[PDB]
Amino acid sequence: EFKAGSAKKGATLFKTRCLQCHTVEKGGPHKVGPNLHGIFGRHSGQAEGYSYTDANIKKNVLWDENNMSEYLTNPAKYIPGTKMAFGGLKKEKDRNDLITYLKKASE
């Protein structure tokens, strides 16, 4: 259950845990994983110009703060077969902080 946290702390988490694989700016490149602009309020597997695993598309989840928190804890548990699956963001406070940042940065 997402609770708004610190966008400042979330930005640092994004830099150290996500940026190696993702950009978030509008128009940013799909460097490894997809650019994340517009991710909230959108179905999984829909970024224009990115070939996802079929698994990520067929999960058929419409992203919100709560299901993204579950996903980020362990992506392969939520979407079996997802590619380049990172290790997960384990602490609830860290997920809350990251999602607080990502909601802003991705809009």
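For every residue, the number given is its place in the sequence shown, counted from 1.
Could you settle it for me: does 68-76 or 24-32 have the higher average Cα B factor in the PDB entry? Taking the mean C-alpha B-factor of 68-76 and of 24-32, the larger value falls to 24-32.
So which stretch wins on mean C-alpha B-factor, 98-106 or 1-9? Higher mean C-alpha B-factor: 1-9.
Record-listed C-alpha B factor of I39: chain third: Middle third, going by the recorded CA B-factors of the chain.
Quick check on the deposited entry: does the C-alpha B-factor of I57 sit in the lowest, middle or highest third of its chain? Lowest third.
Taking the values exactly as deposited, rank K83 by C-alpha B-factor within its chain and report the matching third: lowest, middle or highest. Lowest third - that is where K83 ends up once the chain's C-alpha B-factors are sorted.
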